[PDB]
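Undergrad: Pasting the sequence and an experimental structure:
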Amino acid sequence: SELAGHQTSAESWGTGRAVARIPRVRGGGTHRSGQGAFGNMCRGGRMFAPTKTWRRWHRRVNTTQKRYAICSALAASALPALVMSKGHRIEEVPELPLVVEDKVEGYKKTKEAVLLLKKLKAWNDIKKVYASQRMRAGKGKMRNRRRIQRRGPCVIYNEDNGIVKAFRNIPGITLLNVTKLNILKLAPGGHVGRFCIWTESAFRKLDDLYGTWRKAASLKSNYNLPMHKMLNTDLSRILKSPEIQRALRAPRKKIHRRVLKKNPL
Amino acid sequence: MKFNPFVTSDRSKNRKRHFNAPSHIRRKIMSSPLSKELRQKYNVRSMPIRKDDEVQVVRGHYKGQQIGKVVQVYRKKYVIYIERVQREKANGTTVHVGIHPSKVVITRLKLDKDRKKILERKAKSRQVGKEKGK
Amino acid sequence: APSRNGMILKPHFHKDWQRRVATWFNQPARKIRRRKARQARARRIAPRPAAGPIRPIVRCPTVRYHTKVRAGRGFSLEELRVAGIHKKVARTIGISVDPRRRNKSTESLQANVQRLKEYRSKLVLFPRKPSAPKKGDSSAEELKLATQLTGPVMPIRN
RNA sequence: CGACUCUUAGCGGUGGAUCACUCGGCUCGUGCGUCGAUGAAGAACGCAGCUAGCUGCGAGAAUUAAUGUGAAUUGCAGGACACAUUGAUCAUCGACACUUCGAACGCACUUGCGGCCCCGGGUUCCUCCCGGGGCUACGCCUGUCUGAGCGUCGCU
RNA sequence: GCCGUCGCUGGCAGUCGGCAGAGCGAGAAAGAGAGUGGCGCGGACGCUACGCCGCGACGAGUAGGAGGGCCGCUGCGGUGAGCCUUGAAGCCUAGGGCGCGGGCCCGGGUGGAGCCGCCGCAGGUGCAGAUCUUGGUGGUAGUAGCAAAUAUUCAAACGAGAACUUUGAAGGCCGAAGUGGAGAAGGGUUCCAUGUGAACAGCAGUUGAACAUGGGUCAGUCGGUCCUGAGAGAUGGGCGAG
RNA sequence: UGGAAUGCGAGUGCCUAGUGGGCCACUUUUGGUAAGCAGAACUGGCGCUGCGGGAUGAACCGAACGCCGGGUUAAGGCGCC
RNA sequence: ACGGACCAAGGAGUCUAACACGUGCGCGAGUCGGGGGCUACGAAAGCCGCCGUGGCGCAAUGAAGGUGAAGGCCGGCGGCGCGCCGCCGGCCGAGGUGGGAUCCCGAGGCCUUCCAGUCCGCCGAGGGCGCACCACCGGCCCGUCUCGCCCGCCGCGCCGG
RNA sequence: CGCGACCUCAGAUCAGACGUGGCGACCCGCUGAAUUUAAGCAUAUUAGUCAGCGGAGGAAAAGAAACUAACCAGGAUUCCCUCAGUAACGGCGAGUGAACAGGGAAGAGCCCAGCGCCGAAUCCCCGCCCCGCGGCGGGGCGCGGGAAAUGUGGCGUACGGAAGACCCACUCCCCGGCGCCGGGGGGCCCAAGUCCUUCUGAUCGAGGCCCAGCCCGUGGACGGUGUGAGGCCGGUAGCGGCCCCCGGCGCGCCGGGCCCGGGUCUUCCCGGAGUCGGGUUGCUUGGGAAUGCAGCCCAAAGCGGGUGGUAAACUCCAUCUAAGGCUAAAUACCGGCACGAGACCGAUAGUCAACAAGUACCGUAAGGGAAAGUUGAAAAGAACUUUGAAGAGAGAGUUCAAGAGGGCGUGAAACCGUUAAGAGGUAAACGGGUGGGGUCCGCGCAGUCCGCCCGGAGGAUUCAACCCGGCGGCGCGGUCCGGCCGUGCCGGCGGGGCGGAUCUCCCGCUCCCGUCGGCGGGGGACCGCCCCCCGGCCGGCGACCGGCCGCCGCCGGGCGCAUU
Ligand SMILES: [Mg+2]
Ligand SMILES: [Mg+2]
Ligand SMILES: [Mg+2]
Ligand SMILES: [Mg+2]
Ligand SMILES: [Mg+2]
Ligand SMILES: [Mg+2]
Ligand SMILES: [Mg+2]
Ligand SMILES: [Mg+2]
Ligand SMILES: [Mg+2]
Ligand SMILES: [Mg+2]
Ligand SMILES: [Mg+2]
Ligand SMILES: [Mg+2]
Ligand SMILES: [Mg+2]
Ligand SMILES: [Mg+2]
Ligand SMILES: [Mg+2]
Ligand SMILES: [Mg+2]
Ligand SMILES: [Mg+2]
Ligand SMILES: [Mg+2]
Ligand SMILES: [Mg+2]
Ligand SMILES: [Mg+2]
Ligand SMILES: [Mg+2]
Ligand SMILES: [Mg+2]
Ligand SMILES: [Mg+2]
Ligand SMILES: [Mg+2]
Ligand SMILES: [Mg+2]
Ligand SMILES: [Mg+2]
Ligand SMILES: [Mg+2]
Ligand SMILES: [Mg+2]
Ligand SMILES: [Mg+2]
Ligand SMILES: [Mg+2]
Ligand SMILES: [Mg+2]
Ligand SMILES: [Mg+2]
Ligand SMILES: [Mg+2]
Ligand SMILES: [Mg+2]
Ligand SMILES: [Mg+2]
Ligand SMILES: [Mg+2]
Ligand SMILES: [Mg+2]
Ligand SMILES: [Mg+2]
Ligand SMILES: [Mg+2]
Ligand SMILES: [Mg+2]
Ligand SMILES: [Mg+2]
Ligand SMILES: [Mg+2]
Ligand SMILES: [Mg+2]
Ligand SMILES: [Mg+2]
Ligand SMILES: [Mg+2]
Ligand SMILES: [Mg+2]
Ligand SMILES: [Mg+2]
Ligand SMILES: [Mg+2]
Ligand SMILES: [Mg+2]
Ligand SMILES: [Mg+2]
Ligand SMILES: [Mg+2]
Ligand SMILES: [Mg+2]
Ligand SMILES: [Mg+2]
Ligand SMILES: [Mg+2]
Ligand SMILES: [Mg+2]
Ligand SMILES: [Mg+2]
Ligand SMILES: [Mg+2]
Ligand SMILES: [Mg+2]
Ligand SMILES: [Mg+2]
Ligand SMILES: [Mg+2]
Ligand SMILES: [Mg+2]
Ligand SMILES: [Mg+2]
Ligand SMILES: [Mg+2]
Ligand SMILES: [Mg+2]
Ligand SMILES: [Mg+2]
Ligand SMILES: [Mg+2]
Ligand SMILES: [Mg+2]
Ligand SMILES: [Mg+2]
Ligand SMILES: [Mg+2]
Ligand SMILES: [Mg+2]
Ligand SMILES: [Mg+2]
Ligand SMILES: [Mg+2]
Ligand SMILES: [Mg+2]
Ligand SMILES: [Mg+2]
Ligand SMILES: [Mg+2]
Ligand SMILES: [Mg+2]
Ligand SMILES: [Mg+2]
Ligand SMILES: [Mg+2]
């Protein structure tokens, strides 16, 4: 409150009365009389630099960068090492990316959804979300944040014909409309490599949504994939190649430690 | 997950409305499940506990198979008093212990005109949803 | 105090500017409200166009903008007179009227006169009494195809 | 020896920090956006079987009626020929009710003085006394009634 | 000897293995070059390259600057198939250790319901001071003090209990401008009866103006009520943004 | 024949805090009887700095500092403390 | 010299705006949707492209009216007397000097029994193209001054170049 | 003198109405500082801001040009973005500071006086009759009263309007009643474990619940319940169910009102005065020879007047039409009623106020104004015995625990009592160095472990090599077959999308006589790019594989039966 600590008529007694010069409450007959006020070192006073509602809570991020961030997330989502390293149990999914037929877009019952995840071997990831359900340490419990769990697989669909309702009650699952992908969902916590599951229709719109290298995006007015700074990231193939290996001087791997000086005299 | 914009899941709002519930609401809150026999017969799962019902205690120190009659629905304290569910004070007199209605099972319902009206409505609503899934 | 090279700045914060800060935390809630009033209005006047009355073409003033045209307030009495539309009947059938505007040159006058005639050619007019058509009303066959229009009517383009 | 003093530790006090909790705040957003002479806001004083405060209510006073609800309220007691269409309790709230002051209104602010009309009891029609009921404030608009003027006129 | 800093913008992708051949520190340019004619199945560690290794020099610090913190605090997104009623946080500890340090780990005890590690995000984030704020506690200290207005004593009663209460008897004082009997203003139940002796009455108390439970103020004639005083104050009127 | 010796890697650009009371000593030096006084030059100090010595001490003399072992010193010392 | 008897808890460079430079990322002569609109977490996220209006940048200079960012060579003609100016057609062309990381050529030279002469490498006097950057000298655009001769025309001018 | 009209003005407890006061976050009209900055201070700034006064509503105000402009023109008001920290103001210092155009949100326009014409065609009130009657209205009747010619109603208002004539075309538009038909508020309800072992004071904990995977799930929000709960309860999900009430939108009947329009000609008519403008004064603005407002003086005109950002004269242009009025929306909202949320605070924090808080208490008063949360799962809140006058104790009992005993969760520090140990004349404390003693720890006290080898005792799912099967790695298979496949290159009658400031028979509207041209709207060709199809070269398969063959390795099963 802009009033916190200021709803009094406190006034400094001045010097000469053998007390600090902090402004003091007026009147008498109660405990509050003669106590310190206002200052941030006082009990019941006004804090230092009171917080303001016009703190700059919101940030602009360039569209070109936000789209970049969605391409990085999708690229990372297709590498087993990164999806494993994100904690997902995808040790038995048949392939990455995992593309399922468009029939799953029309499911209605949660049991159809649970059964599919068990046949795709995405159910060990669900069971890890159940095992990670627990209480939150700290005041978040007092503030409608009592329970915490880890994110599960992400299900990406082209059109919702009951897939959202068929999946929404399974803990950890997040649905995403392929034409409205979100970085906060594809990279929870800021870390790339969330395990995702595509329907066929969703998987076939990615080229249109973000364009290939040869063909600009069709569903974005002017966009194309971000160019590669380094085309061959296999540093070991590059270094071991004959061409580089002919230009190098022989390695100097002999270690010349310090010689203890003995007196020639 | 809850989607109704006008239903709060706030912890403190929900607790204030529980502990300040008016009597006719505390009644609904003070509901008990039915035995497997009663559940099958009436196609109802839970009933608002009432005086002269006969219940089993299924949790706590006084749990067991002893069927006792409900002798008092102390709504202010959110507890019911049951026959033989009691103990002694220092001076040796006997005093009832308060069991929460949610920790008993109703084995016989004190039936009258209004209880039957309540029972039929709950089953009629249940059967409607049954035929919605079919 | 100034310190080495720097711009000389004159911030306008010598009043009680904190008493009159206008935050924008209701912006998304304003945008929803405005949209929800556009939808309830589109339903209310359907099949009439949601955008509203058809606006005319006008050339922007000044030498900085006179190369461009845009949508004006409403068609002028000379324009409506040449197009054979009564000024009081114009608003009833989706046409906007601007008694203030003057036609200085013919070509601009003609452009709006033709715009009116094109609009009158696309107008699908429902009879006042549905069971009792009248002289100017559209045939029953072309009333089954009457659907509400989205966006400005006959958009103006440079 | 031992008192006394110091340091450390165990236990016990003084004290109420810390931690955990939160029917309270604060901030943002949304819908509505409603007081009063038909007496508002506010104030005073009363009202419970046992009740000081908080709370609610107004001499019908921790409430009446009605509707919904369907067996309590509960600290103790009690049960009206209270309690299952002879409806406990709670909720709702459209019927009825709403002491004194207060713009506050018969005049004044001391529970001080009237006046007008009607009614009832005193006695015994009038008076007179007692009691009750209704009126009796300022400004202002429309109309009404009653008037004023060596204001302007007409007929006498 | 060891720690760190700085420099060498030093070295290591050559772990090139039986599809093999181990080197390039050496005073002094550039190829351990390529050719054409005249039995066993074996061989340590390394390389979070933001990592590892080597060699040389150096190291004072207020005001001030910068770097790194696997220093610490609270909340948010991820993650730890994390911990926890077979015991969380907190608190205590002549227990065992780690780190230059900020600090941290483990043992034991108490406690009774939640907490923490890592990658990021955020901040109302680190106290010895400000005659700092609020709260608590010391020494001083069983100390200053309980000294203005002449004064008490004897016997009995109740009572666990008596210098202080009550009754009796003495001796004294106020000395009718009173320490007497009544009122106005103010107080507001302090009045009266009975009970208690926790707190209060700066010792005590069986007592009290304390506390507790109940009572008590009766009018034509006593005042108010009425009059007007100094004055205050409506309407008419005047002023006045109001 | 990079045209004296000696030593040393240089150049360059942005942003920048604190400071803007000083004080002391050899030598030189103004005012003053003089002052642990006031005011200057040069260099070095104290301030910001510990350490051995001057018993004691801001500045004197020696010497400047990571945590240590051995050796040797400086200025100063070696009756006893 | 001043504050400090003791203990706990609280306690002081924050947030908004503007600017400067440094660093990181995106795109790049462009770039930015921040306002608007479309389509539980979500008040988020996604899209617009005839929503880029607009901001900043891409042009400076002057008070302003305003103006507003390389040249040379060849041939012919005209005026003056081989040279100068005005006018016509063809050729080349965004300066140069010094330094300058890197790059390039290569006299000579890098061995094995001995001669010849090859393929790939590698060192190298000397010589080149020279990035950025700096110093210097030219040039171009706007204001002003001095000198001076011409060229244009629907307006023959107190015109314009 | 008297009577009677009107005018002006009075009195009524005359009949019927209306205003007053409060709240005030947002709004409108006034009045209005000084702290402060200028490193002093006086203009300036603070600031048209605090304080003061008045008046409202759900919004208020504003608002349909006496506007902006100077363009090829725009076209009410309000709000957002930008214009723009700009034009401008300013001891030209400190500082201050708009508008037009442009893009959006929203979008709505209208009415008088006057000039006229209509027999005042107009209105209010009273009584009776019919309908309705908790928004007091509609119709019929009254030689019922009144207002109104000092001007009510119809037409009509600057976009022009009226009247007459000729053409053309017209039947639904509303008002009061009456009946029938398809969003909002309130109530009641609707899935699934208290299954089996088990820890516990109690558990919602842990393990299990056949192939499959306890059961529901459009419900795994939240809260309660003796931990910690999708399944025990309430709820949560659901274009879920039922029941009441209000509303809205439609369809018919009765009685009413309106007797309604457009084009062209002809004749007519047309505007707001102590206001504008001017002078001066004071305030105000960015507004500068004066932006706006006000006082005083002067005081208009009618092809006039206002504006056209430097005073003034002459002159052209442009542009509006002042001095009367109404008007939703987009916009504002720290008060109110009712809700939802939060990277917020967590009892010295967060509101002063988590609680009998604007309370106790202080002040004559205006005013000032706290402290203060927590036993336990459940009161099971300690019967009874005994000492004491009692407070207090000792036993006993409840509880998992009183080592939780009614200001009781935990229970720190300072400070204090006591027990134990050590020590004590330069106050205590402190750094370095040892020493002695204690508390505990090593859960020490005949002292490590590993590989290979030698030798003794033994003992076996017995080794190598071979055969069968499976799997894997590699192959320059010097050049095996099949594949996808090149951000590769060539040939295509290849079948298409995207873009183009590259060119070009069909159509809509319009100028011209049925003709001929321009705008706008469409094919087609062309070029650049892309995808899909077919043939040829080289090309990957290490972000991208199959079949055979070969080599090697590994495993399973045989056989090897023992100097392994
Ligand atoms: Mg506070
Ligand atoms: Mg914590
Ligand atoms: Mg249920
Ligand atoms: Mg400075
Ligand atoms: Mg009472
Ligand atoms: Mg009732
Ligand atoms: Mg009832
Ligand atoms: Mg009086
Ligand atoms: Mg240092
Ligand atoms: Mg200690
Ligand atoms: Mg607890
Ligand atoms: Mg915080
Ligand atoms: Mg402190
Ligand atoms: Mg004494
Ligand atoms: Mg007396
Ligand atoms: Mg007396
Ligand atoms: Mg005493
Ligand atoms: Mg007394
Ligand atoms: Mg008497
Ligand atoms: Mg009087
Ligand atoms: Mg007066
Ligand atoms: Mg100074
Ligand atoms: Mg000196
Ligand atoms: Mg001096
Ligand atoms: Mg100093
Ligand atoms: Mg120094
Ligand atoms: Mg020194
Ligand atoms: Mg000496
Ligand atoms: Mg030494
Ligand atoms: Mg000595
Ligand atoms: Mg001082
Ligand atoms: Mg002191
Ligand atoms: Mg602290
Ligand atoms: Mg700067
Ligand atoms: Mg930058
Ligand atoms: Mg939200
Ligand atoms: Mg009256
Ligand atoms: Mg000043
Ligand atoms: Mg100052
Ligand atoms: Mg001053
Ligand atoms: Mg001002
Ligand atoms: Mg104000
Ligand atoms: Mg007021
Ligand atoms: Mg008012
Ligand atoms: Mg209102
Ligand atoms: Mg209005
Ligand atoms: Mg406008
Ligand atoms: Mg700008
Ligand atoms: Mg000046
Ligand atoms: Mg100003
Ligand atoms: Mg504009
Ligand atoms: Mg719009
Ligand atoms: Mg008229
Ligand atoms: Mg007009
Ligand atoms: Mg629970
Ligand atoms: Mg389980
Ligand atoms: Mg639960
Ligand atoms: Mg379960
Ligand atoms: Mg349910
Ligand atoms: Mg629901
Ligand atoms: Mg007008
Ligand atoms: Mg003023
Ligand atoms: Mg001003
Ligand atoms: Mg001018
Ligand atoms: Mg208005
Ligand atoms: Mg507290
Ligand atoms: Mg408090
Ligand atoms: Mg507080
Ligand atoms: Mg406290
Ligand atoms: Mg705390
Ligand atoms: Mg506590
Ligand atoms: Mg315990
Ligand atoms: Mg405890
Ligand atoms: Mg508890
Ligand atoms: Mg406590
Ligand atoms: Mg305690
Ligand atoms: Mg002790
Ligand atoms: Mg001792």
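TA: Arrived safely, thanks for sending. Numbers count the residues shown, from 1 in each chain, chains lettered A, B, ... in the order given. Ligands and ions are numbered 1, 2, ... in the order given.
Undergrad: Around chain B, pick out the residues from the stretch 151-265 of chain A.
TA: Counting by Cβ under 8 Å from any Cβ of the partner chain, the stretch 151-265 of chain A comes close to chain B at A:168, A:169. All C-beta atoms are positioned from the backbone trio N, CA, C, and that covers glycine.
Undergrad: how many other residues sit next to the residue of the stretch 151-265 of chain A found nearest chain B?
TA: Residue of the stretch 151-265 of chain A nearest chain B, by Cβ to the nearest Cβ: residue A:168 (6.7 Å). When neighbours are defined as other Cβ atoms under 10 Å in any protein chain shown, residue A:168 has 15 of them.
Undergrad: repeat for the one 10 residues further on
TA: Neighbour count of residue A:178, defined by other Cβ under 10 Å: 19.
Undergrad: How about the contacts made by it?
TA: Applying Cβ atoms under 8 Å, 6 or more residues apart in numbering or on different chains to residue A:178 gives the contacts A:156, A:157, A:158, A:198, A:201, A:202, A:205, A:206, A:209.
Undergrad: coming back round to it: wouldn't the residue of the stretch 151-265 of chain A closest to chain B be in contact with residue A:162 here?
TA: No: using Cβ atoms under 8 Å, residue A:168 is not in contact with residue A:162, being 10.5 Å away.
Undergrad: gap between the residue nearest to residue A:15 when sequence neighbours are not counted and residue A:38?
TA: Nearest non-adjacent residue to residue A:15, counting by Cβ to Cβ, 6 or more residues apart in numbering or on different chains: residue A:21, 6.0 Å away. Per Cβ to Cβ, to the nearest Å, residue A:21 is found 12 Å from residue A:38.
Undergrad: One more: residue C:94?
TA: Taking Cβ to Cβ, one finds residue C:94 at 65 Å from residue A:38.
Undergrad: With residue A:262 instead?
TA: In terms of Cβ to Cβ, residue A:262 sits 78 Å off from residue A:38.
Undergrad: neighbour count winner among those two?
TA: Ranked by neighbour count (other Cβ under 10 Å), residue A:262 and residue A:38 place residue A:38 first, with 19 against 6.
Undergrad: what residues are up against the more buried one?
TA: For residue A:38, the contacting residues are A:5, A:6, A:8, A:10, A:22, A:23, A:45, A:46, by Cβ under 8 Å, 6+ apart.
Undergrad: Run through the residues that contact residue A:13.
TA: Residue A:13 makes contacts with A:19, A:21, A:24, as judged by Cβ under 8 Å, 6+ apart.
Undergrad: which residues are contacting the longest helix along chain C?
TA: Counting by DSSP state H, the longest helix found in chain C is helix C:27-45. Under the criterion Cβ under 8 Å, 6+ apart, residues C:50, C:148 lie in contact with helix C:27-45.
Undergrad: Please apply the same query to stretch B:76-95.
TA: Stretch B:76-95 has contacts (Cβ under 8 Å, 6+ apart) with B:26, B:29-30, B:49, B:55, B:57, B:62, B:66, B:68-74, B:96-101, B:104.
Undergrad: Ok, stretch B:22-33 next?
TA: Contacts for stretch B:22-33 (Cβ under 8 Å, 6+ apart): B:18, B:21, B:39, B:45-49, B:53, B:55, B:73, B:75-76, B:78, B:80, B:101-102, B:104-106.
Undergrad: Kindly recompute the last result at 10 Å.
TA: B:17-21, B:39, B:44-50, B:53, B:55, B:58, B:70, B:73-80, B:99-106 (Cβ atoms under 10 Å, 6 or more residues apart in numbering or on different chains).
Undergrad: all helices of chain A, in order?
TA: Using DSSP H, helices in chain A cover A:63-76, A:80-85, A:110-119, A:123-131, A:163-167, A:183-186, A:200-210, A:235-240, A:242-247.
Undergrad: With distance to RNA strand D and mean neighbour count added, can I get the ones you listed in CSV?
TA: Below are the helices of chain A laid out as CSV (distance: least, Cβ to the nearest atom of the strand, whole Å; neighbours: other Cβ atoms under 10 Å in any protein chain shown):
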stretch, distance to RNA strand D, mean neighbour count
helix A:63-76, 24, 15
helix A:80-85, 32, 16
helix A:110-119, 31, 15
helix A:123-131, 22, 16
helix A:163-167, 25, 20
helix A:183-186, 20, 16
helix A:200-210, 32, 17
helix A:235-240, 48, 10
helix A:242-247, 58, 8
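Undergrad: Count the residues that sit near residue A:103.
TA: Count around residue A:103 with other Cβ under 10 Å applied: 12.
Undergrad: Over to residue A:93?
TA: Neighbour count of residue A:93, defined by other Cβ under 10 Å: 20.
Undergrad: Can you give me the distance of residue A:221 to RNA strand H?
TA: Taking Cβ to the nearest atom of the strand, to the nearest Å as the measure, residue A:221 falls 10 Å from RNA strand H.
Undergrad: Show the contacting residues for that residue.
TA: Going by Cβ under 10 Å, 6+ apart, residue A:221 touches no other residue.
Undergrad: can you check residue A:61 too?
TA: Residue A:61 makes contacts with A:69, A:183, as judged by Cβ under 10 Å, 6+ apart.
Undergrad: Residue A:151 versus that one, what's the distance?
TA: Counting by Cβ to Cβ - residue A:61 and residue A:151 are separated by 22 Å.
Undergrad: circling back: counting contacts, what elements does the next helix or strand after the longest helix of chain C pack onto?
TA: Next helix or strand after helix C:27-45 toward the C-terminus (DSSP states H and E): strand C:57-59. If you count contacts as 3 or more Cβ pairs under 10 Å, 6 or more residues apart in numbering or on different chains; DSSP states H and E, strand C:57-59 packs onto strand C:69-71, helix C:106-122.
Undergrad: picking up where we left off before, hey, what's in contact with both of residue A:21 and residue A:38?
TA: By Cβ under 10 Å, 6+ apart, residue A:21 and residue A:38 have these common neighbours: residue A:12.
Undergrad: Would you check how far apart residue B:48 and RNA strand G are?
TA: 30 Å.
Undergrad: and if you look at residue C:141?
TA: From residue C:141 to RNA strand G the distance is 29 Å (Cβ to the nearest atom of the strand).
Undergrad: Spell out which parts of chain B neighbour RNA strand F.
TA: Residues of chain B found near RNA strand F (Cβ under 7 Å from any atom of the strand): none.
Undergrad: which residues in chain B form strands?
TA: Secondary structure of chain B (DSSP state E): strands located at B:31-33, B:46-48, B:54-57, B:68-74, B:79-82, B:86-88, B:94-96, B:104-108.
Undergrad: Need these in JSON lines (columns: distance to residue C:46 and mean neighbour count).
TA: Shown next, in JSON lines, are the strands of chain B (distance: least, Cβ to Cβ, whole Å; neighbours: other Cβ atoms under 10 Å in any protein chain shown):
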{"stretch": "strand B:31-33", "distance to residue C:46": "49", "mean neighbour count": "18"}
{"stretch": "strand B:46-48", "distance to residue C:46": "48", "mean neighbour count": "18"}
{"stretch": "strand B:54-57", "distance to residue C:46": "61", "mean neighbour count": "21"}
{"stretch": "strand B:68-74", "distance to residue C:46": "57", "mean neighbour count": "17"}
{"stretch": "strand B:79-82", "distance to residue C:46": "59", "mean neighbour count": "22"}
{"stretch": "strand B:86-88", "distance to residue C:46": "72", "mean neighbour count": "11"}
{"stretch": "strand B:94-96", "distance to residue C:46": "68", "mean neighbour count": "12"}
{"stretch": "strand B:104-108", "distance to residue C:46": "56", "mean neighbour count": "20"}
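Undergrad: any idea which helix is longest in chain B?
TA: Using DSSP H to define each element, chain B has its longest helix at helix B:113-133.
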